[PDB]
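Encoded as structure tokens, the structure appears first; notes follow it.
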Amino acid sequence: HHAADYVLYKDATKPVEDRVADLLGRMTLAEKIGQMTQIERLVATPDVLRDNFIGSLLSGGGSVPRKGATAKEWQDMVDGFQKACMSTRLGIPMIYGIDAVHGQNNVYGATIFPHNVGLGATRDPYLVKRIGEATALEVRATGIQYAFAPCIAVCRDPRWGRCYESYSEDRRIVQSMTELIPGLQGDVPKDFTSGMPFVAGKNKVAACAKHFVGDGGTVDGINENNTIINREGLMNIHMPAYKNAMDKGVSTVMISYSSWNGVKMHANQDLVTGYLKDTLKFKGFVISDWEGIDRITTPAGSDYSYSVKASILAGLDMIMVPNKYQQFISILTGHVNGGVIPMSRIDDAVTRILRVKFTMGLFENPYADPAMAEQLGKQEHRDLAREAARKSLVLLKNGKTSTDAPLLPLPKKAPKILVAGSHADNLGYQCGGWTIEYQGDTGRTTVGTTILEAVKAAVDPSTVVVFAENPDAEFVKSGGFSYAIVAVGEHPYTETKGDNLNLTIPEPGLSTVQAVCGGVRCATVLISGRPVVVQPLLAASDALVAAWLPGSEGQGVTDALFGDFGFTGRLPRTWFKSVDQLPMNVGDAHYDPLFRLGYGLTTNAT
Ligand SMILES: CO[C@@H]1O[C@H](CS[C@@H]2O[C@H](CO)[C@@H](O)[C@H](O)[C@H]2O)[C@@H](O)[C@H](O)[C@H]1O
Ligand SMILES: *[C@@H]1O[C@H](CO)[C@@H](O)[C@H](O)[C@H]1NC(C)=O
């Protein structure tokens with residue numbers, strides 16, 4: 001279609017499938033294996049990217065150009081890598097991926113939304129869609145085109161260190177929250193075929209349904225571990241939301257470290273090829289988890305030749321290496337040259353990778369848009385995060401007896417009030433894991449509003465606000481306080497490291513609640529990624545709120561505490577009486593919850 005030097009794959013007016021086929025037909029084996037290779041920015045240079053025809057880069061958790069980097073620094077980094085990829089013979093742009101799992105959370109100054117468990121508490125799929133839309137803008141503000149989200153794990157045991165990344169133990173709620181996908185990617189057209197990938201263009205991002213499949217079912221919540229359950233339970237609990245993801249055009253699917261009945265997912269041809277590709281008709285690309293293929297063997301990495309063979313024959317398309325790219329490429333090249341992996345498998349993987357890249361407009365807009373930089377931390381997005389945080393709050397108690405005056409909502413005008421606890425003025429703790437660092441961090445790690453700052457911003461100007469992190473009983477009784485707000489809970493974790501199977505919050509937490517509540521009426525705000533042992537906190541408190549991990553916008557908490565809005569959140573998970581009961585799920589047999597799934601007290605706006 002028209003100039004003597006015309007190349008069909010470079011023609012933006014041509015159908016995606018025609019462009020894929022035209023490009024594929026021109027590629028060398030090295031070019032094909034390159035597309036299947038995703039590497040860490042930490043190991044990338046221009047020469048590496050050109051010489052190995054690299055298909056993708058990522059930032060893993062905490063992988064950033066520097067601490068405090070601006071949106072433009074991120075754009076310049078991504079564009080620098082892209083320039084190298086565009087300089088190859090065929091000029092195939094790379095796709096850059098990142099865990100933007102509650103906002104663009106590795107980035108300083110990005111809006112941090114509540115984690116998934118709290119979003120589950122909202123029962124508001126349209127809210128989650130809007131969060132997807134805002135997140136895509138903040139990811140594109142940094143030049144990145146691909147988010148490793150949503151996590152559609154159905155966490156069946158809160159001992160799992162990633163339980164906060166699951167919307168619910170109830171697959172129906174997880175299914176409902178797949179609305180994140182068309183938020184991130186754009187709504188699919190009216191005549192859309194389920195399983196086809198979709199991204200609307202340069203203001204949206206490719207999404208990733210993860211981690212396929214049964215990551216939320218690992219025995220004792222182990223992680224990296226074994227999901228022991230028959231096909232009926234896999235198909236009834238863990239699989240359904242993958243079908244909703246297909247219907248919404250999710251562009252990619254990431255495979256789980258976990259096993260299903262002792263078969264590693266990264267080596268499971270029946271599920272990856274037989275089910276996801278051949279039954280669900282998924283036509284996007286399947287990506288490994290981080291050194292996921294290495295972990296097929298015991299010990300991990302002990303037979304990388306086997307890892308490559310097993311994963312690629314199972315049907316994975318792109319490998320998150322992410323560091324030892326030379327070894328990966330060499331081994332895969334050897335397997336193809338030896339006939340161990342047929343060219344048909346390589347061509348399928350590359351077809352899928354290219355399909356996503358062409359579909360999403362990456363060949364037309366390979367570079368960042370500087371005008372998008374100002375989307376990062378944009379106040380409208382913070383207002384949305386604040387709405388989400390407020391909707392996520394579950395009121396568990398509002399009065400010690402049925403005849404007490406309800407403590408919440410609190411009056412904004414009072415002579416003197418106390419704000420206390422380890423979590424009252426700690427932005428990192430209120431964001432939890434996957435914020436700035438992989439495992440999160442403590443203190444003022446980004447731009448946000450702590451609970452204490454929210455309180456000071458909400459109250460009447462005549463209200464004196466006193467902060468004490470861990471006041472003793474005497475301090476409270478002598479202070480002349482009208483009431484106290486005390487915030488405690490879990491520290492940030494991902495159970496790569498965090499950990500504690502006992503699910504009790506660290507001290508001082510309970511001791512502070514007891515000292516405070518013993519002296520003045522108190523509203524306890526519990527910051528957690530999951531249900532934790534709560535009877536002693538309840539016993540001490542007049543009112544108690546499960547605030548989950550509400551993110552950067554602490555005013556969502558105070559919007560409910562002071563009655564600007566009523567409490568509406570409902571538990572998206574069972575609250576156990578003790579950890580001895582676990583696993584214990586709405587439906588079991590020994591189902592004896594402290595609070596059932598769906599529980600939540602309400603208030604009316606004042
Ligand atoms: C401890 O090593 C660190 O692990 C994390 C998480 S592993 C894996 O990472 C993927 C890419 O970031 C995530 O999409 C996926 O959900 C995770 O299971 C990794 O992010 C760090 O890069 C790595 O240092
Ligand atoms: C809240 O709203 C409903 C009626 O709309 C009712 O349960 C309750 O009496 C109202 N007010 C308060 C303070 O609970």
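Along the sequence shown, the residues carry numbers beginning at 1. In listed order, ligands and their atoms are each counted from 1.
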Would [X] count as a contact of ligand 1 if the rule is a heavy atom under 4.0 Å away?
X	value
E291	no
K497	no
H211	yes

Ionic contact status for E490 with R530, cut-off 4.0 Å:
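Salt bridge: yes.
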
Part of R162 within contact of ligand 1 (heavy atoms, under 4.0 Å)
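Answer for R162: side chain.
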
Tell me which part of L58 gets within contact of ligand 1: side chain, backbone, both or neither, using heavy atoms under 4.0 Å.
side chain

If the cut-off is 4.0 Å to any non-hydrogen atom of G60, which atoms of ligand 1 fall inside it?
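Near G60, meaning under 4.0 Å from one of its heavy atoms, ligand 1 has 12 (O), 20 (O), 22 (O).
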
Pick whichever of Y438, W290, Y257 has a heavy atom sitting closest to atom 6 (C) of ligand 1.
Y438

Between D99, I255, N106, which one has a non-hydrogen atom sitting closest to atom 13 (C) of ligand 1?
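The nearest heavy atom belongs to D99.
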
Testing the 3.5 Å rule here: is there a donor-acceptor pair between the side chains of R41 and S59?
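No pair is found: no donor N or O on one side chain lies under 3.5 Å from an acceptor on the other.
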
To check your reading of the model: name the closest protein heavy atom to atom 15 (C) of ligand 1, its residue, and the distance in Å.
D289 OD1, 3.3 Å

of all protein heavy atoms, closest to atom 19 (C) of ligand 1 is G61 N, 3.9 Å

Any N or O on [X] sitting closer than 3.5 Å to an N or O of ligand 1?
X	result
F148	no
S59	no
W434	no

Does any part of the side chain of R390, heavy atoms only, come nearer than 4.5 Å to the side chain of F567, both counted from C-beta?
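Side chain of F567 against side chain of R390, heavy atoms only: no contact under 4.5 Å found.
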
Measuring only between side-chain heavy atoms, which start at C-beta, is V321 closer than 4.5 Å to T37?
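When only atoms from C-beta onward are counted, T37 and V321 do touch, with a gap below 4.5 Å.
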
Going by the order shown, which atoms of ligand 2 are within less than 4.0 Å of some heavy atom of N604?
1 (C), 2 (O), 3 (C), 8 (C), 10 (C), 11 (N), 12 (C), 14 (O)

Under 4.0 Å from atom 5 (O) of ligand 2, is there any protein heavy atom?
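Not a single protein heavy atom is under 4.0 Å away.
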
I would like to know whether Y242 and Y275 meet ring pair (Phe, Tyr, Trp, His ring centres under 6.0 Å); could you show each step before the answer?
CA-CA 11 Å; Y242 283 92; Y275 197 76; 9.6 Å; no

